[PDB]
*Asks:* 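I am attaching a structure below and will ask some questions about it afterwards.
Chain letters run A, B, ... following the sequence lines, proteins first and then strands; every chain starts at 1. Basis for what follows: all heavy atoms, side chains included, without hydrogens, waters or symmetry-related copies.
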Amino acid sequence: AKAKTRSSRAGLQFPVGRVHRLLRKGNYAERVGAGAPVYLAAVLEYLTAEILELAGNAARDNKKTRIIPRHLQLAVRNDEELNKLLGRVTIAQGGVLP
Amino acid sequence: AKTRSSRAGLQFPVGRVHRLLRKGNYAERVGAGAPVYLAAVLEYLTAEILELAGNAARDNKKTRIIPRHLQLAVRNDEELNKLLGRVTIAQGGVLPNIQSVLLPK
Amino acid sequence: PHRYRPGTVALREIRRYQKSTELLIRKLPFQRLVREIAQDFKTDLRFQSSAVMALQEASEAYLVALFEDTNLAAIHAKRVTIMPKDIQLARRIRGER
Amino acid sequence: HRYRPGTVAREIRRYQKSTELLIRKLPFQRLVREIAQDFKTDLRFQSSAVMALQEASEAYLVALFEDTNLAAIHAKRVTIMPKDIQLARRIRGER
Amino acid sequence: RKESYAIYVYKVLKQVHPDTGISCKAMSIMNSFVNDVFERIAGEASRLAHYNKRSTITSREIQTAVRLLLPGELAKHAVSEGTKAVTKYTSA
Amino acid sequence: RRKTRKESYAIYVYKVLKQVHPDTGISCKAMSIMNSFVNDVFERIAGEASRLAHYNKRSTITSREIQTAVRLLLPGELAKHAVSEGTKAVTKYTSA
Amino acid sequence: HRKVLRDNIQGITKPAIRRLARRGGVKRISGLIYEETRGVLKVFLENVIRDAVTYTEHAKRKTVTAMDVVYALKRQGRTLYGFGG
Amino acid sequence: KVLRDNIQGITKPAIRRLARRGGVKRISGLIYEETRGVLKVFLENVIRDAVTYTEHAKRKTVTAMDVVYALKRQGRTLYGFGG
DNA sequence: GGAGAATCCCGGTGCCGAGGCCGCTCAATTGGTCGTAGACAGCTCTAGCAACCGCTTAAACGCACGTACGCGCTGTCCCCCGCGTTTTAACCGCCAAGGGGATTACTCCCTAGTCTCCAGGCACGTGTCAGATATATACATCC
DNA sequence: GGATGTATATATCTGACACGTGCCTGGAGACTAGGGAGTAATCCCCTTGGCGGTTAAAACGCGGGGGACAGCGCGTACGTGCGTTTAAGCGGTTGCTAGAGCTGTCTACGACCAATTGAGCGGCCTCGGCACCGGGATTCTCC
């Protein structure tokens, strides 16, 4: 039959096969279930989109059409839950909140 | 059937450390001398903490080590207190320490 | 009659409670509090007694460590009485609130 | 013409709006090489490595100065003093 | 052959903001971010499987690791997204 | 049915104690604390050596990984005496 | 289904908070400290119990064990020795 | 060649700028030496681990990934150099 | 300085239950063998790191003057401590019931391993504008 | 009201961003075999709930003193501006060195099987440590 990717079956953009490979070759357990890479890829894609939307809103507020680390820093620190998740993380060339 | 701890001259079990390494999902393979090295380091740290704990026990006219003595031994040592800086010892208490600003004059 | 000066009893109690290791909160009230907090995450839960004891040990260690930093802040402000702003500053600099 | 002491500290708004590094690069690189001299002789560095070190250290110092200012305000002052840095570092868990 | 997530990040960006670019430094920051969260979730799921004497990492371990690691509403929405994806993948 | 055998380090900690303090005993709670300490140190060193092997694209955890992990985790003279103890043990094991 | 516990934070009485502050080396205490400490303790317990009940539910049990609490504390950087592990 | 007073290369105006980005108005004169000592301690703690990682790999050049791992292992994750 | 007094510590007394010693069993360790892939050594080679140099100019440095802030002293008053009395609920020791977690045995289905085949992502090469820097300016902040 | 830093608009314009090519490595499809996992049943232990006593702690109220807080004065140290000096940054150059990739070899590790001994559980005892008491000594507050 024709080869359909596993991420097109789940309706995702992130690579399910690469995530499965990185789970297998990362020494996490002896076996890896069939739906664990799909779940993980969906979660990673969701978090990526959540950050990127706020960063693009920040970029538009500053009359820019291109996201730079300053916009990522602003988007993260102005959001409560994202700031809690990335609390011990430093973003290079991000600055601080005025 | 000679044991590996006796070959290495140790008290801790080299076979059990090897098995825990092989079954802990740390790498595909485990070297032959890794369990020996790790068992030696574990026994060294055990002896280090137990010596101070026993000294603290003797300073209090006791002949058994209790968690209070372990707490005293760990917190009175500059490097053990840094190794165990985020560890809570149950029934250990604190170190007697009053700020000098609160003492009467 | 006889009355010790305000502060002698405080230092006496500081020595007394720094020399001991037992738990300073009553056990039945702490257990009721733990069950009440837990009934909001799942109903009809059961606890091992050792679980409640571990919770109490951790909570008391946390509170004593917080009071030490609170005292440091109160002294920094040139006071001997601790106030809620000292707790707030201690938790702010630690990274909790 | 002279601005009141305080008005030219404008500087807070200027340096909280930008993102560039506030320490110069050659002195920091010399300091890093001198510090690393005591762990192993004849070491080499990627430029990427020195820039990462500078980013990390500047972020650390800015985050420390924020807590130092909190302590100075707690003591009902506006000037930061070494005792403020010491209190901040001690409550964090570094002293 | 240094594999990165740059193209998938770009595909997602084209969905949220159709007319917005991104620079190399911001793209590398996003790559570091996705690698970091992958490592966190995978390590937590590994520990969860070890605690229960299991050999397999399944979607249930991933769900519990997400509930342990993400705060508040992020966790709820990520759980819904993951469940929806696994449901779509299975019946297909 | 039958009580499952639980594993601990009680006998080895007791042997080390009888080596250091021949006339001192130890209670049950203190032995549990020592067991937890040994397990925690084991897990820390093993995880750090695992990350070390993954960073260099290796498949084997050797004694070099253990030594580097001990140097990364232990502070001050603890690290020096630990690497000397480990090296001496490995040398004696190999010479046999 | 048992009963619904309510108003149990007041069981953390004032003498007990005074004893905790004494072991903390504190000499004088304001009257507004007790409610602040009750709130702080409630937040701390909520976080730890949330994580412990998560572990308990993943294991598909109905009883919370001591190892659940140990894991919940450890994943927050507050390792506890003496209760197994 | 050996190096000398390079901690004095961290000038006073640079420390003032770092404090301005932190939101500080007035600065005592004794803050500069304190800040230099703190920075030196932090740098030593990070560079020790970075050189350890470099020596374990049998390399002579310290790379950016060594710094990234050294910062990560002490709870100071840094995005922007991991590739 | 003494002097009366709550308060703490040492010695001595029972007295117990938890620590220390021992036998039996079985599962985990050890020894031996074989296969094979990971690791190590040697060679090449090219990118990138170190070193030098010359010039520009912006940033650091040093000095003086003024003023705003930190610090010390004093007085007030309120609110925390100490103590005595009363009231309440924790704790300890029972008992009774049952549910749920651990164990055992069996089935079966899902995941690893193998191999084949193809397509998607990644370097390489190419064309174009978003954002930075300049020049001028009205404006908002400040004294 | 005048000074002065501040955001706004326009012109330049380039180096980084987005797009088009080959291919080869990694992902997908198909088949096979075995062990991990789920189900059902059994059982006992440990969790929940209740009662009763008893007594130690908590709660409450009153008096008083001492510590927090506000105000005032003063002097010092920090900021601000200006002129001078220095060294960082940039653009080049060169050299060479170490990290990276490739190839071949072989030793060390996993896998499997058999033998056996060390370690964990169940008993069996006995003394360090603790509650209680008495005496002496110690800090503590008033004269």
Side-chain angles (χ1 to χ4, degrees), chain A residues 1 3-6 15-18 20-21 24 30-34 64-66, chain B residues 1-4 13-16 18-19 22 28-32 62-64, chain C residues 1-10 12 26-29 46-49 78-81 83, chain D residues 1-10 24-27 44-47 76-79, chain E residues 1-4 7 10 21-24 54-56, chain F residues 1-8 10-11 14 25-28 58-60, chain G residues 13-16 28-31 61-63, chain H residues 11-14 26-29 59-61 63:
Chain A
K4 286 178 53 61
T5 57
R6 285 193 289 171
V16 173
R18 177 181 297 186
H20 197 175
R21 185 200 74 203
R24 285 167 173 257
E30 176 190 342
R31 297 135 64 84
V32 175
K64 306 292 180 179
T65 75
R66 190 153 147 274
Chain B
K2 187 182 182 184
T3 69
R4 292 193 272 171
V14 174
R16 181 181 295 181
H18 195 185
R19 179 197 76 206
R22 280 191 279 93
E28 180 197 345
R29 322 170 82 84
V30 178
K62 304 298 177 56
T63 73
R64 291 206 199 107
Chain C
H2 181 89
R3 290 185 54 97
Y4 284 101
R5 303 183 69 172
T8 295
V9 183
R12 185 184 314 163
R26 295 294 156 262
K27 292 186 176 51
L28 218 60
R46 296 153 74 91
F47 289 82
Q48 297 184 344
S49 53
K78 295 179 179 183
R79 286 185 280 98
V80 305
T81 307
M83 309 194 72
Chain D
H1 174 74
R2 293 183 49 96
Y3 284 102
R4 291 177 64 84
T7 303
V8 175
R10 291 225 307 266
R24 313 202 85 177
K25 291 176 55 177
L26 253 56
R44 287 159 138 247
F45 292 84
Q46 302 183 342
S47 52
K76 291 183 174 183
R77 290 179 282 98
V78 316
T79 311
Chain E
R1 289 299 185 270
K2 179 62 173 171
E3 63 185 342
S4 64
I7 55 173
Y10 199 82
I22 188 170
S23 65
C24 273
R54 304 297 251 258
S55 306
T56 312
Chain F
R1 313 307 182 277
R2 190 200 175 279
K3 183 176 181 179
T4 304
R5 286 171 174 167
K6 185 67 174 181
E7 289 188 345
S8 59
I11 52 176
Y14 196 81
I26 188 176
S27 63
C28 178
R58 294 297 197 270
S59 302
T60 307
Chain G
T13 56
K14 164 183 173 183
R28 218 164 184 262
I29 308 176
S30 175
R61 300 186 315 256
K62 304 179 182 181
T63 300
Chain H
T11 49
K12 163 190 172 182
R26 304 246 305 186
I27 308 174
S28 176
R59 286 193 321 261
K60 302 182 179 182
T61 300
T63 69

*Asks:* Answer with base, sugar-phosphate or nothing: what part of the nucleic acid does A:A34 contact at a heavy-atom distance below 4.0 Å?
*Replies:* sugar-phosphate

*Asks:* Would you please name every residue forming a salt bridge (charged side-chain N to carboxylate O under 4.0 Å, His left out) with D:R44, sequence neighbours left out?
*Replies:* none

*Asks:* Identify, between A:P15 and C:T81, the residue whose nearest nucleotide on DNA chain I lies closer to the 5' end.
*Replies:* C:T81

*Asks:* Using the side chain to side chain donor-acceptor pair (under 3.5 Å) criterion, which residues pair with A:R21? Sequence neighbours excluded.
*Replies:* E:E3

*Asks:* Could you say whether D:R4 or H:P13 is positioned toward the 5' end of DNA chain I, judged by the nucleotide with the nearest heavy atom to each?
*Replies:* H:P13

*Asks:* Restricting to side chain to side chain donor-acceptor pair (under 3.5 Å), what partner residues turn up for E:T56, sequence neighbours left out?
*Replies:* A:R31

*Asks:* List the residues meeting ring-ring contact (aromatic ring centres under 6.0 Å, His included) with F:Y14, not counting sequence neighbours, and say none if there are none.
*Replies:* none

*Asks:* Would you classify C:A10 as touching base, sugar-phosphate or nothing, given that sugar-phosphate means primed atoms plus P, OP1 and OP2, and contacts are heavy atoms under 4.0 Å?
*Replies:* sugar-phosphate

*Asks:* What is the per-nucleotide protein-contact pattern of nucleotides 83-90 of chain J, from the 5' end, where B denotes a base atom under 4.0 Å from a protein heavy atom, S denotes such proximity for sugar-phosphate atoms only, and - denotes neither?
*Replies:* -----SS-

*Asks:* Could you pull out the protein-nucleic contacts involving nucleotides 63-66 of chain I (nitrogen or oxygen on both sides, under 3.5 Å)?
*Replies:*
none

*Asks:* Measure the distance from NZ on G:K14 to P on J:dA58 and round it to the nearest whole Å.
*Replies:* 12 Å

*Asks:* With sequence neighbours left out, what residues match H:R59 under side chain to side chain donor-acceptor pair (under 3.5 Å)?
*Replies:* H:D66

*Asks:* Report the residues that fulfil side chain to side chain donor-acceptor pair (under 3.5 Å) with E:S4, sequence neighbours left out, ordered by chain and then residue number.
*Replies:* none

*Asks:* Using a 4.0 Å heavy-atom cut-off, does C:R3 contact any base of the nucleic acid, only the sugar-phosphate backbone, or nothing at all?
*Replies:* base

*Asks:* Which atoms of nucleotides 44-47 of chain J (N or O only) lie under 3.5 Å from a protein N or O atom, and what are those distances?
*Replies:*
none

*Asks:* Determine the contact category for B:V30: base if any of its heavy atoms lies under 4.0 Å from a base atom, sugar-phosphate if only primed atoms, P, OP1 or OP2 are that close, otherwise nothing.
*Replies:* sugar-phosphate

*Asks:* Could you list, one pair per line, each protein nitrogen or oxygen that sits under 3.5 Å from a nitrogen or oxygen of nucleotides 13-23 of chain J, together with the distance?
*Replies:*
from: J:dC17; atom 1: OP1; to: A:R66; atom 2: NH2; distance (Å): 3.3
from: J:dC17; atom 1: OP1; to: E:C24; atom 2: N; distance (Å): 2.9
from: J:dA18; atom 1: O5'; to: E:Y10; atom 2: OH; distance (Å): 3.4

*Asks:* I want to confirm an ordering. Mapping E:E3 and H:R59 to their closest nucleotides on DNA chain J, which one lands closer to the 5' end?
*Replies:* E:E3

*Asks:* As a test of reading the structure: which of I:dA27, I:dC8, J:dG79 is closest to the side chain of H:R26, going by heavy atoms?
*Replies:* J:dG79

*Asks:* Taking salt bridge (charged side-chain N to carboxylate O under 4.0 Å, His left out) as the test, write out the residues that go with D:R77, two or more places apart.
*Replies:* D:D84

*Asks:* Distances under 3.5 Å between protein N/O atoms and the N/O atoms of nucleotides 32-38 of chain J, please, pair by pair.
*Replies:*
from: J:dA37; atom 1: OP1; to: E:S55; atom 2: N; distance (Å): 3.1
from: J:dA37; atom 1: OP1; to: E:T56; atom 2: N; distance (Å): 3.1
from: J:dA37; atom 1: OP1; to: E:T56; atom 2: OG1; distance (Å): 3.1
from: J:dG38; atom 1: OP2; to: E:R54; atom 2: NH2; distance (Å): 2.4

*Asks:* Would you kindly give the CZ-to-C1' distance between A:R24 and J:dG27, to the nearest whole Å?
*Replies:* 11 Å

